[PDB]
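Before any comments, here is the structure.
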Amino acid sequence: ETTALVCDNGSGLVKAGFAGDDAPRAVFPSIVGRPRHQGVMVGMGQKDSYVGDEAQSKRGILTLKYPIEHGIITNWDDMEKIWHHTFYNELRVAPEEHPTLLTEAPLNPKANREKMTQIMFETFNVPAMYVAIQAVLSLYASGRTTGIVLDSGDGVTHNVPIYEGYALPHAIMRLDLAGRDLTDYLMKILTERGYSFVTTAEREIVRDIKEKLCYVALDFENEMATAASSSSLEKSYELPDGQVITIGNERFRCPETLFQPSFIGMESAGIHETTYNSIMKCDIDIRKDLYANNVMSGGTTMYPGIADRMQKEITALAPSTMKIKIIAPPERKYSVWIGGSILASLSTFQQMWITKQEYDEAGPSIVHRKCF
Amino acid sequence: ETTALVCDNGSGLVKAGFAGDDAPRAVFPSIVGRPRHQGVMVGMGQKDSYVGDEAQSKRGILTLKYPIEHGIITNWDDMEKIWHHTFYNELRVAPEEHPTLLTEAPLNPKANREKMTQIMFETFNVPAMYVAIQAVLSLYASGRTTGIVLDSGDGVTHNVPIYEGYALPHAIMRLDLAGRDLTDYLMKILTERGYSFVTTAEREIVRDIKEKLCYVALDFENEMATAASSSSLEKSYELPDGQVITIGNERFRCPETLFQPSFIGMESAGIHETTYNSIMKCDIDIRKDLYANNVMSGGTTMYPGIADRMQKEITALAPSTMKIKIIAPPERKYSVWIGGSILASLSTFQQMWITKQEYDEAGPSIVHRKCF
Amino acid sequence: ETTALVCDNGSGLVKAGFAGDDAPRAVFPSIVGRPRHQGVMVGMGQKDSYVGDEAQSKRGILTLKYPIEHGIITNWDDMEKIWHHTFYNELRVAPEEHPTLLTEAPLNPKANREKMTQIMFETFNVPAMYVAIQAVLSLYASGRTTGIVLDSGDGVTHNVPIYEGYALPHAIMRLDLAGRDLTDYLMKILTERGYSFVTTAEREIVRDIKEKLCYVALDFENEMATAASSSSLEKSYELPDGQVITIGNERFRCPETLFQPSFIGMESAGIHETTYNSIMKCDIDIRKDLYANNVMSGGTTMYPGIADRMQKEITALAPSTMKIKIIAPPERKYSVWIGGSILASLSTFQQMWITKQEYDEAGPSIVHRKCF
Ligand SMILES: Nc1ncnc2c1ncn2[C@@H]1O[C@H](COP(=O)(O)OP(=O)(O)O)[C@@H](O)[C@H]1O
Ligand SMILES: Nc1ncnc2c1ncn2[C@@H]1O[C@H](COP(=O)(O)OP(=O)(O)O)[C@@H](O)[C@H]1O
Ligand SMILES: Nc1ncnc2c1ncn2[C@@H]1O[C@H](COP(=O)(O)OP(=O)(O)O)[C@@H](O)[C@H]1O
Ligand SMILES: [Mg+2]
Ligand SMILES: [Mg+2]
Ligand SMILES: [Mg+2]
């Protein structure tokens with residue numbers, strides 16, 4: 001083949017393009033939007049459903065659904081609209097000509113991967129495809145064969161240890177807390193300063209407040225004290241319609257949910273303890289190299305101060321005699337897709353695709369014997 | 001102390017009285033009103049503002065302002081008249097004599113609770129006070145350590161799950177739709193039958209139409225079909241001055257907004273879906289006992305048929321494997337205040353009051369470190 | 001004494017009672033749990049810690065901690081709550097009056113036995129005590145003085161060869177895989193069918209799924225092929241909250257971790273290989289009588305088909321010239337406690353107790369010269 005696609009069919013935001021390009025060709029919301037009002041205009045070019053940037057643009061008149069929840073596809077009829085849009089609108093390919101690398105979280109339901117395999121061969125007729133783990137792809141972008149990858153998206157956070165190119169699948173950790181739960185918690189805490197955000201259109205406004213204003217405080221109790229000497233840490237922000245809102249300790253109490261999942265009431269260890277537990281499930285000789293190669297990936301790792309905070313916290317859990325080093329590159333917003341564009345381009349990978357001629361004799365069950 | 005005051009400082013309607021009474025000593029409109037017409041009579045007892053039953057009585061000559069919107073005090077200069085009137089006129093006690101229990105919605109703005117705290121210690125000089133969640137009080141009145149309380153007053157509808165007396169604040173739900181929004185919708189749909197209601201006093205006339213004649217259908221499409229065999233479900237009502245109006249399917253299409261908020265153009269779950277979502281956000285082992293102890297509170301839960309409609313709808317959402325039971329007691333019009341009268345009476349509660357001596361060294365910020 | 005106590009302080013299930021009784025007087029979860037939510041009701045039995053069935057019953061609002069991990073007590077402040085509950089709450093004895101037989105896995109830390117001795121004399125003031133090896137007690141319940149015992153609890157699996165009443169301590173094997181690791185692996189593989197169990201309360205739901213439905217395949221590859229021609233091996237389970245989960249090959253792929261520890265990623269012999277390797281470490285003349293007396297003990301030996309599988313596999317490793325018999329009694333769930341109740345009742349054992357008079361001139365290091 002001369003060109004494959006790589007599609008990072010993620011929660012909240014899809015990244016899409018071709019193998020061997022250095023960054024995604026297309027990046028848009030993993031959203032389908034549907035009207036919630038009467039179509040009172042006549043001769044208007046009214047469309048029954050909107051997807052990606054069209055839905056994000058028109059959202060005052062729409063109800064917005066993400067067809068992926070926690071890295072699991074929950075609405076296949078609208079997920080087919082996202083893949084149809086992806087290929088025919090801004091990639092503008094013929095899917096029958098290009099083999100597609102697809103992307104998934106570890107410890108997902110098998111039925112997700114099977115129906116995703118079925119749609120690619122039976123609805124899009126692709127030549128071939130493969131499903132790769134987001135955290136395995138994240139080491140190709142880094143240029144490594146050992147590291148522990150913390151990947152944190154819109155839906156799921158997960159840790160995957162790799163040493164000398166072998167995964168330790170028994171030491172993988174998954175966590176149903178990422179960019180959506182932080183946005184919902186930001187909506188909840190913004191209520192107590194007097195602002196209301198509740199519609200699926202207002203959750204997108206609060207996602208922009210989260211992306212623009214929020215950060216990870218290197219010591220939470222000292223930052224909560226600092227914010228009581230107020231206006232020192234406060235930022236103003238301008239809503240659609242031009243009303244201004246101001247934010248204080250909620251600017252960093254929001255991202256702290258990653259380190260203290262008890263803020264959203266769940267009983268699980270923080271992302272620091274989860275990375276440390278994942279290294280401690282690994283065999284003793286590999287732990288020293290995993291601590292030094294603690295890779296970060298995905299948009300929920302983009303906060304200011306989060307690499308510093310997690311270096312402070314893994315260094316408090318690990319023994320003091322060795323170098324915890326956290327590798328947070330500036331393109332980590334796309335390092336899954338970038339690593340998929342490398343893998344789909346490798347000359348040795350071209351024998352590993354599931355081909356149409358191998359699917360159609362074995363059914364969607366083929367994807368469990370041929371993929372990790 | 002020998003007695004304590006207790007107030008549900010309600011949206012639309014205040015309830016007030018003393019600890020250990022089995023019902024409120026006073027219940028009256030949460031209203032202040034000012035003249036909108038000339039005082040032409042010389043030697044008249046002319047007065048520049050009115051409150052409660054006095055404003056409700058003079059409402060031909062007044063414009064009526066509710067100083068509480070959606071459970072938030074939006075007009076302190078008139079809310080201070082409501083609290084002043086409450087203590088000095090129909091409770092007729094000196095506020096410095098008795099500590100006050102006070103009442104709030106969950107997820108409210110912190111500035112509301114702070115300013116309420118300040119006014120009680122600095123305008124009314126009370127010995128001590130506390131602020132309690134309307135739904136936590138409703139389990140004291142119902143005699144339970146566990147339940148999910150749907151509370152629906154004039155201004156707000158909210159759900160609080162409680163199990164073994166511990167609340168789950170991650171699973172709390174709040175909804176800016178209750179008795180006011182149903183009254184505004186009733187003005188709009190009575191206008192489809194040609195009746196005009198637009199002044200604030202006409203909203204009180206339409207509120208009496210709602211309170212006297214409205215009800216919840218067990219199945220809306222069957223009731224809308226039944227109303228096409230007309231004059232069966234329809235009723236007649238007598239206005240002030242003695243004119244009469246006849247009320248059609250708007251008699252049950254009004255309360256159905258609680259189950260279909262899209263009738264008033266907002267994009268949110270109905271009260272059945274939001275109570276189910278609140279149970280489904282809880283820890284799995286507690287859900288069986290929340291379905292069995294679903295408690296109704298506040299005047300917007302007083303419609304005929306609402307318990308039967310909600311038992312039907314929650315039974316359709318929940319798995320059939322277990323017994324949904326909705327506890328709608330007849331005193332649920334006052335169950336918040338009744339629960340406060342129990343809480344203020346308990347010997348083990350008297351250490352939980354914020355005392356004047358504990359406020360004046362910490363300011364109104366004391367309330368967030370002693371209330372829920 | 002007229003009665004001693006015997007307390008099999010095992011991982012995650014404590015079995016306790018009097019010497020001379022035929023079964024444990026008390027059996028309960030070896031668990032302590034603490035609230036993880038705000039207590040909003042007051043005038044109530046609010047309690048800062050729950051233990052045993054109180055923790056297991058209220059688990060929907062608790063984080064649950066096991067104070068024993070792999071047969072090692074890791075949290076003594078909660079193990080003292082388990083013994084205090086054992087003695088005062090449902091044995092309802094005064095410990096000062098009764099000598100107590102305690103119990104431990106072989107190849108444990110010496111400090112675990114020392115601190116366990118210290119607490120019994122300095123916190124509970126017992127007249128005397130002893131620490132027995134759980135596999136030596138499994139021969140006492142079995143009514144034989146030669147055999148090899150596969151004991152497998154919640155924390156640890158171990159083999160102890162005994163011939164003519166002498167143990168062969170060079171031939172003891174210990175494996176840090178038993179009922180907890182199988183439960184945790186079932187949480188992992190249930191995720192691949194779409195069910196997330198993640199809290200320490202949901203781990204108890206998965207432990208009940210494991211106990212009710214899981215079984216050991218006689219031939220794993222034949223059973224996997226049988227489950228691929230599906231629906232014949234599937235069963236379903238009703239959760240708390242009344243949602244139903246169906247379970248298929250994960251019903252027997254879970255217990256196969258005992259025969260293939262590489263499923264949880266650990267490098268070791270399976271329980272068949274570890275038992276055979278233990279017989280091979282023994283002196284050649286005893287091996288015939290060890291194969292003829294392969295005793296099984298503890299709850300992780302309770303799966304349907306495990307005796308048939310374990311006999312099938314030892315019979316393939318051992319030479320065909322002689323007969324393997326596996327002795328898996330129907331009471332084997334309590335055979336350590338039953339055998340401890342026999343040992344503590346023997347007239348020949350009453351010289352072997354460590355007495356308070358013999359502890360308080362030697363310190364807790366007495367337990368290394370007087371016990372096993
Ligand atoms: N600069 C930023 N600060 C904070 N959050 C961000 C930033 N950029 C993106 N995000 C968040 O990252 C989440 C998804 O990013 P991504 O890694 O693409 O996840 P996914 O792989 O699930 O699509 C979104 O919820 C978005 O709000
Ligand atoms: N019989 C009734 N039918 C319908 N609505 C009622 C009835 N009685 C009271 N209400 C409504 O209940 C609302 C407030 O009741 P209440 O429970 O006191 O709320 P709050 O606690 O907010 O004061 C008012 O808007 C009123 O219209
Ligand atoms: N019928 C059963 N089938 C499978 N596992 C069981 C059964 N009964 C008990 N267990 C398991 O046995 C384990 C502990 O049993 P036990 O022998 O008391 O161990 P311990 O001595 O460590 O307390 C628990 O993890 C439980 O899940
Ligand atoms: Mg991602
Ligand atoms: Mg109320
Ligand atoms: Mg045991």
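Order determines the names: the first chain of the structure tokens is A, the second B, and so forth; residues in each chain are numbered 1 upward, and ligands are numbered 1 upward as they are shown.
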
Would you mind listing the residues within 8 Å of ligand 1, counting only C-alpha atoms and all ligand atoms, as a PDB file with N, CA, C and O atoms, in the first residue's frame?
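So the final result, stored in result.pdb, reads:
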```
ATOM      1  N   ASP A   8      -8.202   7.866  15.166  1.00  0.00           N
ATOM      2  CA  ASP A   8      -8.326   7.813  16.610  1.00  0.00           C
ATOM      3  C   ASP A   8      -9.762   8.198  16.963  1.00  0.00           C
ATOM      4  O   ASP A   8     -10.091   9.358  17.208  1.00  0.00           O
ATOM      5  N   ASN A   9     -10.633   7.197  16.877  1.00  0.00           N
ATOM      6  CA  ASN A   9     -12.064   7.229  17.167  1.00  0.00           C
ATOM      7  C   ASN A   9     -12.335   7.421  18.674  1.00  0.00           C
ATOM      8  O   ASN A   9     -12.954   6.583  19.324  1.00  0.00           O
ATOM      9  N   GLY A  10     -11.823   8.504  19.244  1.00  0.00           N
ATOM     10  CA  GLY A  10     -11.846   8.790  20.675  1.00  0.00           C
ATOM     11  C   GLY A  10     -13.157   9.360  21.207  1.00  0.00           C
ATOM     12  O   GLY A  10     -14.056   9.758  20.458  1.00  0.00           O
ATOM     13  N   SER A  11     -13.262   9.404  22.535  1.00  0.00           N
ATOM     14  CA  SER A  11     -14.370  10.069  23.229  1.00  0.00           C
ATOM     15  C   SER A  11     -14.237  11.579  23.069  1.00  0.00           C
ATOM     16  O   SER A  11     -13.136  12.112  23.080  1.00  0.00           O
ATOM     17  N   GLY A  12     -15.333  12.318  22.935  1.00  0.00           N
ATOM     18  CA  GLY A  12     -15.289  13.789  22.933  1.00  0.00           C
ATOM     19  C   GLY A  12     -14.660  14.464  21.705  1.00  0.00           C
ATOM     20  O   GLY A  12     -15.169  15.491  21.264  1.00  0.00           O
ATOM     21  N   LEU A  13     -13.625  13.899  21.083  1.00  0.00           N
ATOM     22  CA  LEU A  13     -12.866  14.493  19.979  1.00  0.00           C
ATOM     23  C   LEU A  13     -12.224  13.403  19.103  1.00  0.00           C
ATOM     24  O   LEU A  13     -11.434  12.624  19.615  1.00  0.00           O
ATOM     25  N   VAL A  14     -12.495  13.329  17.799  1.00  0.00           N
ATOM     26  CA  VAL A  14     -11.806  12.373  16.903  1.00  0.00           C
ATOM     27  C   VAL A  14     -10.590  13.011  16.246  1.00  0.00           C
ATOM     28  O   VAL A  14     -10.634  14.182  15.880  1.00  0.00           O
ATOM     29  N   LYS A  15      -9.495  12.260  16.103  1.00  0.00           N
ATOM     30  CA  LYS A  15      -8.319  12.671  15.318  1.00  0.00           C
ATOM     31  C   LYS A  15      -8.198  11.732  14.132  1.00  0.00           C
ATOM     32  O   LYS A  15      -8.271  10.524  14.323  1.00  0.00           O
ATOM     33  N   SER A  30     -16.217  14.563  18.768  1.00  0.00           N
ATOM     34  CA  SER A  30     -16.905  13.271  18.648  1.00  0.00           C
ATOM     35  C   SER A  30     -18.349  13.425  19.138  1.00  0.00           C
ATOM     36  O   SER A  30     -18.735  12.882  20.166  1.00  0.00           O
ATOM     37  N   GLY A  71     -14.849   5.577  26.560  1.00  0.00           N
ATOM     38  CA  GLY A  71     -14.143   4.794  25.538  1.00  0.00           C
ATOM     39  C   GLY A  71     -14.933   3.627  24.948  1.00  0.00           C
ATOM     40  O   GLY A  71     -14.390   2.887  24.128  1.00  0.00           O
ATOM     41  N   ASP A 151      -2.264   7.488  29.760  1.00  0.00           N
ATOM     42  CA  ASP A 151      -3.093   8.121  28.746  1.00  0.00           C
ATOM     43  C   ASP A 151      -4.395   8.581  29.392  1.00  0.00           C
ATOM     44  O   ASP A 151      -5.012   7.813  30.116  1.00  0.00           O
ATOM     45  N   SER A 152      -4.801   9.831  29.189  1.00  0.00           N
ATOM     46  CA  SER A 152      -6.009  10.378  29.805  1.00  0.00           C
ATOM     47  C   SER A 152      -6.780  11.233  28.811  1.00  0.00           C
ATOM     48  O   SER A 152      -6.347  12.322  28.444  1.00  0.00           O
ATOM     49  N   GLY A 153      -7.903  10.710  28.325  1.00  0.00           N
ATOM     50  CA  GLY A 153      -8.658  11.290  27.216  1.00  0.00           C
ATOM     51  C   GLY A 153      -9.815  12.176  27.656  1.00  0.00           C
ATOM     52  O   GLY A 153      -9.730  12.877  28.661  1.00  0.00           O
ATOM     53  N   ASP A 154     -10.927  12.130  26.936  1.00  0.00           N
ATOM     54  CA  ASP A 154     -12.196  12.698  27.386  1.00  0.00           C
ATOM     55  C   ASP A 154     -13.003  11.697  28.215  1.00  0.00           C
ATOM     56  O   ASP A 154     -13.749  12.101  29.092  1.00  0.00           O
ATOM     57  N   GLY A 155     -12.847  10.395  27.981  1.00  0.00           N
ATOM     58  CA  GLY A 155     -13.651   9.359  28.636  1.00  0.00           C
ATOM     59  C   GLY A 155     -12.912   8.540  29.685  1.00  0.00           C
ATOM     60  O   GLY A 155     -13.407   8.357  30.783  1.00  0.00           O
ATOM     61  N   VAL A 156     -11.730   8.027  29.360  1.00  0.00           N
ATOM     62  CA  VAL A 156     -11.012   7.044  30.174  1.00  0.00           C
ATOM     63  C   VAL A 156      -9.568   7.459  30.414  1.00  0.00           C
ATOM     64  O   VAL A 156      -8.920   8.037  29.545  1.00  0.00           O
ATOM     65  N   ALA A 178     -11.892  10.997  33.389  1.00  0.00           N
ATOM     66  CA  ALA A 178     -11.089  11.782  32.464  1.00  0.00           C
ATOM     67  C   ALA A 178     -11.835  13.073  32.115  1.00  0.00           C
ATOM     68  O   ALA A 178     -12.640  13.565  32.898  1.00  0.00           O
ATOM     69  N   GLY A 179     -11.559  13.675  30.965  1.00  0.00           N
ATOM     70  CA  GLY A 179     -11.972  15.040  30.671  1.00  0.00           C
ATOM     71  C   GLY A 179     -13.464  15.362  30.824  1.00  0.00           C
ATOM     72  O   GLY A 179     -13.788  16.482  31.223  1.00  0.00           O
ATOM     73  N   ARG A 180     -14.376  14.417  30.582  1.00  0.00           N
ATOM     74  CA  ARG A 180     -15.822  14.588  30.768  1.00  0.00           C
ATOM     75  C   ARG A 180     -16.193  14.748  32.237  1.00  0.00           C
ATOM     76  O   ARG A 180     -16.892  15.689  32.583  1.00  0.00           O
ATOM     77  N   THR A 183     -15.168  18.062  33.514  1.00  0.00           N
ATOM     78  CA  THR A 183     -16.095  19.085  33.012  1.00  0.00           C
ATOM     79  C   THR A 183     -17.406  19.085  33.793  1.00  0.00           C
ATOM     80  O   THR A 183     -17.866  20.141  34.206  1.00  0.00           O
ATOM     81  N   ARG A 207     -16.494  23.180  29.058  1.00  0.00           N
ATOM     82  CA  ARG A 207     -15.284  22.571  28.501  1.00  0.00           C
ATOM     83  C   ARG A 207     -14.278  23.635  28.062  1.00  0.00           C
ATOM     84  O   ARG A 207     -13.103  23.489  28.368  1.00  0.00           O
ATOM     85  N   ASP A 208     -14.696  24.727  27.426  1.00  0.00           N
ATOM     86  CA  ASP A 208     -13.783  25.836  27.123  1.00  0.00           C
ATOM     87  C   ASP A 208     -13.252  26.519  28.387  1.00  0.00           C
ATOM     88  O   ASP A 208     -12.060  26.794  28.464  1.00  0.00           O
ATOM     89  N   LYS A 210     -12.738  25.028  31.272  1.00  0.00           N
ATOM     90  CA  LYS A 210     -11.766  24.026  31.716  1.00  0.00           C
ATOM     91  C   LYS A 210     -10.474  24.072  30.909  1.00  0.00           C
ATOM     92  O   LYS A 210      -9.391  24.013  31.474  1.00  0.00           O
ATOM     93  N   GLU A 211     -10.553  24.169  29.590  1.00  0.00           N
ATOM     94  CA  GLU A 211      -9.366  24.181  28.734  1.00  0.00           C
ATOM     95  C   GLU A 211      -8.567  25.484  28.848  1.00  0.00           C
ATOM     96  O   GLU A 211      -7.338  25.454  28.823  1.00  0.00           O
ATOM     97  N   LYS A 212      -9.233  26.633  28.993  1.00  0.00           N
ATOM     98  CA  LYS A 212      -8.565  27.938  29.067  1.00  0.00           C
ATOM     99  C   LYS A 212      -8.032  28.259  30.458  1.00  0.00           C
ATOM    100  O   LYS A 212      -6.901  28.721  30.566  1.00  0.00           O
ATOM    101  N   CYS A 214      -8.183  26.284  33.716  1.00  0.00           N
ATOM    102  CA  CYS A 214      -7.798  25.337  34.762  1.00  0.00           C
ATOM    103  C   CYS A 214      -6.322  24.925  34.743  1.00  0.00           C
ATOM    104  O   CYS A 214      -5.669  24.928  33.704  1.00  0.00           O
ATOM    105  N   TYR A 215      -5.803  24.518  35.900  1.00  0.00           N
ATOM    106  CA  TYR A 215      -4.426  24.047  36.089  1.00  0.00           C
ATOM    107  C   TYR A 215      -4.308  23.123  37.300  1.00  0.00           C
ATOM    108  O   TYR A 215      -5.202  23.081  38.136  1.00  0.00           O
ATOM    109  N   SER A 297       0.099  11.138  27.865  1.00  0.00           N
ATOM    110  CA  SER A 297      -0.659  11.207  26.625  1.00  0.00           C
ATOM    111  C   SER A 297      -2.082  11.705  26.860  1.00  0.00           C
ATOM    112  O   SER A 297      -2.655  11.492  27.925  1.00  0.00           O
ATOM    113  N   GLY A 298      -2.690  12.315  25.846  1.00  0.00           N
ATOM    114  CA  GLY A 298      -4.109  12.640  25.816  1.00  0.00           C
ATOM    115  C   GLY A 298      -4.440  13.968  26.478  1.00  0.00           C
ATOM    116  O   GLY A 298      -3.715  14.451  27.347  1.00  0.00           O
ATOM    117  N   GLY A 299      -5.527  14.594  26.047  1.00  0.00           N
ATOM    118  CA  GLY A 299      -5.831  15.985  26.350  1.00  0.00           C
ATOM    119  C   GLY A 299      -5.978  16.295  27.832  1.00  0.00           C
ATOM    120  O   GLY A 299      -5.645  17.390  28.257  1.00  0.00           O
ATOM    121  N   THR A 300      -6.368  15.338  28.665  1.00  0.00           N
ATOM    122  CA  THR A 300      -6.480  15.577  30.112  1.00  0.00           C
ATOM    123  C   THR A 300      -5.113  15.671  30.800  1.00  0.00           C
ATOM    124  O   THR A 300      -5.016  16.161  31.916  1.00  0.00           O
ATOM    125  N   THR A 301      -4.018  15.326  30.120  1.00  0.00           N
ATOM    126  CA  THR A 301      -2.654  15.597  30.601  1.00  0.00           C
ATOM    127  C   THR A 301      -2.099  16.959  30.160  1.00  0.00           C
ATOM    128  O   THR A 301      -0.928  17.245  30.396  1.00  0.00           O
ATOM    129  N   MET A 302      -2.895  17.821  29.520  1.00  0.00           N
ATOM    130  CA  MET A 302      -2.453  19.130  29.016  1.00  0.00           C
ATOM    131  C   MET A 302      -2.489  20.272  30.035  1.00  0.00           C
ATOM    132  O   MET A 302      -2.004  21.360  29.738  1.00  0.00           O
ATOM    133  N   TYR A 303      -3.016  20.066  31.240  1.00  0.00           N
ATOM    134  CA  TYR A 303      -3.028  21.101  32.275  1.00  0.00           C
ATOM    135  C   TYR A 303      -1.630  21.654  32.592  1.00  0.00           C
ATOM    136  O   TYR A 303      -0.679  20.881  32.726  1.00  0.00           O
ATOM    137  N   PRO A 304      -1.481  22.966  32.820  1.00  0.00           N
ATOM    138  CA  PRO A 304      -0.301  23.496  33.475  1.00  0.00           C
ATOM    139  C   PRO A 304      -0.088  22.815  34.824  1.00  0.00           C
ATOM    140  O   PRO A 304      -1.045  22.547  35.544  1.00  0.00           O
ATOM    141  N   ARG A 332       1.574  15.951  23.067  1.00  0.00           N
ATOM    142  CA  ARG A 332       0.868  14.841  23.747  1.00  0.00           C
ATOM    143  C   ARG A 332      -0.659  14.865  23.615  1.00  0.00           C
ATOM    144  O   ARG A 332      -1.311  13.851  23.818  1.00  0.00           O
ATOM    145  N   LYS A 333      -1.230  15.994  23.200  1.00  0.00           N
ATOM    146  CA  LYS A 333      -2.626  16.153  22.775  1.00  0.00           C
ATOM    147  C   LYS A 333      -3.001  15.227  21.604  1.00  0.00           C
ATOM    148  O   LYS A 333      -4.160  14.852  21.483  1.00  0.00           O
ATOM    149  N   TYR A 334      -2.033  14.826  20.772  1.00  0.00           N
ATOM    150  CA  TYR A 334      -2.213  13.970  19.591  1.00  0.00           C
ATOM    151  C   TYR A 334      -1.266  12.762  19.548  1.00  0.00           C
ATOM    152  O   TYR A 334      -1.206  12.089  18.524  1.00  0.00           O
ATOM    153  N   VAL A 336      -1.232   9.713  20.525  1.00  0.00           N
ATOM    154  CA  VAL A 336      -1.880   8.460  20.096  1.00  0.00           C
ATOM    155  C   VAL A 336      -1.992   8.399  18.579  1.00  0.00           C
ATOM    156  O   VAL A 336      -1.510   7.457  17.961  1.00  0.00           O
TER     157      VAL A 336
END
```

Proximity check chain B to chain C, 6 Å, nearest pairs one decimal Å, only C-alpha atoms, as CSV:
```
residue,atom,partner,partner_atom,distance
B:165,CA,C:41,CA,4.7
B:166,CA,C:39,CA,4.1
B:167,CA,C:38,CA,5.8
B:283,CA,C:60,CA,5.6
B:285,CA,C:60,CA,4.9
B:286,CA,C:60,CA,5.3
B:287,CA,C:241,CA,5.3
B:288,CA,C:241,CA,4.9
B:319,CA,C:242,CA,6.0
B:321,CA,C:242,CA,5.3
```

Secondary structure check, alpha helix (DSSP H) residues of range 212-358 of chain A, as a PyMOL selection string: chain A and resi 212-213+220-226+250-253+271-281+284-292+306-317+335-343+356-358

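Computed from the coordinates, the CA of residue 85 in chain A to CA of residue 118 in chain A distance equals 17.9 Å.
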
Long-range neighbours of range 48-52 of chain A as a PyMOL selection string, 8 Å cut-off, only C-alpha atoms, 5 positions minimum in chain: chain A and resi 28-35+81-82+85

Just C-alpha atoms for this one: save the residues we selected as a PDB file, in the first residue's frame.
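And here's out.pdb as it stands now:
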```pdb
ATOM      1  CA  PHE A  28     -13.204  17.657  15.461  1.00  0.00           C
ATOM      2  CA  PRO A  29     -15.712  16.900  18.287  1.00  0.00           C
ATOM      3  CA  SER A  30     -16.905  13.271  18.648  1.00  0.00           C
ATOM      4  CA  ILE A  31     -20.456  14.746  18.831  1.00  0.00           C
ATOM      5  CA  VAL A  32     -23.732  14.299  16.941  1.00  0.00           C
ATOM      6  CA  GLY A  33     -26.270  17.123  17.459  1.00  0.00           C
ATOM      7  CA  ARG A  34     -30.052  17.000  16.745  1.00  0.00           C
ATOM      8  CA  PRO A  35     -32.642  19.886  16.646  1.00  0.00           C
ATOM      9  CA  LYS A  81     -22.492   9.240  11.222  1.00  0.00           C
ATOM     10  CA  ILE A  82     -19.099  10.147  12.773  1.00  0.00           C
ATOM     11  CA  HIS A  85     -18.502  12.238   8.173  1.00  0.00           C
TER      12      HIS A  85
END
```

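One finds CA of residue 64 in chain C at 5.6 Å from CA of residue 200 in chain C.
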
Contacts of range 224-233 of chain C within 12 Å, only C-alpha atoms, excl. fewer than 2 positions in-chain, as a list in words: residues 365 of chain A; 213, 214, 215, 216, 217, 218, 219, 220, 221, 222, 235, 236, 246, 247, 248, 249, 250, 251, 252, 253 and 256 of chain C

Test item, strand (DSSP E) assignment across range 131-230 of chain A, answer as a VMD selection string: chain A and resid 131 to 133 147 to 152 157 to 163 166 to 167 173 to 175

All residues 8 Å or closer to range 1-6 of chain C, only C-alpha atoms, same chain fewer than 2 positions away omitted, as a PyMOL selection string: chain C and resi 8+16-20+98-102+337+340-341+344-345

Test item: residues at most 9 Å from residue 127 in chain B, only C-alpha atoms, excluding those fewer than 5 positions along its chain, as JSON, numbers by chain: {"B": [95, 96, 97, 98, 99, 100, 121, 354, 355, 356, 357]}

Keeping only N, CA and C atoms, write the selected residues as a short mmCIF file (atom, residue, chain, number, x, y, z; two decimals), in the first residue's frame.
```cif
data_model
loop_
_atom_site.label_atom_id
_atom_site.label_comp_id
_atom_site.auth_asym_id
_atom_site.auth_seq_id
_atom_site.Cartn_x
_atom_site.Cartn_y
_atom_site.Cartn_z
N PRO B 95 -36.24 38.24 68.18
CA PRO B 95 -35.25 37.34 67.57
C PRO B 95 -34.01 37.07 68.44
N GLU B 96 -33.62 37.99 69.31
CA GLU B 96 -32.49 37.83 70.23
C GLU B 96 -32.74 36.76 71.31
N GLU B 97 -33.99 36.32 71.49
CA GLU B 97 -34.40 35.38 72.53
C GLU B 97 -34.15 33.91 72.13
N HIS B 98 -34.24 33.59 70.83
CA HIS B 98 -34.36 32.22 70.33
C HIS B 98 -33.42 31.94 69.16
N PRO B 99 -32.67 30.82 69.15
CA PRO B 99 -31.86 30.45 67.99
C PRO B 99 -32.72 30.00 66.81
N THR B 100 -32.33 30.31 65.58
CA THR B 100 -33.12 30.00 64.37
C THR B 100 -32.51 28.88 63.53
N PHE B 121 -27.21 37.17 62.41
CA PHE B 121 -26.36 37.62 63.52
C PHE B 121 -26.20 39.14 63.64
N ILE B 354 -24.36 27.07 65.02
CA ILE B 354 -23.36 28.15 64.96
C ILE B 354 -23.77 29.18 66.01
N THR B 355 -22.99 29.40 67.06
CA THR B 355 -23.32 30.39 68.10
C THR B 355 -22.81 31.78 67.70
N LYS B 356 -23.42 32.85 68.23
CA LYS B 356 -22.97 34.24 67.99
C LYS B 356 -21.48 34.42 68.33
N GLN B 357 -21.05 33.84 69.45
CA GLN B 357 -19.67 33.80 69.93
C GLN B 357 -18.69 33.06 68.99
#
```
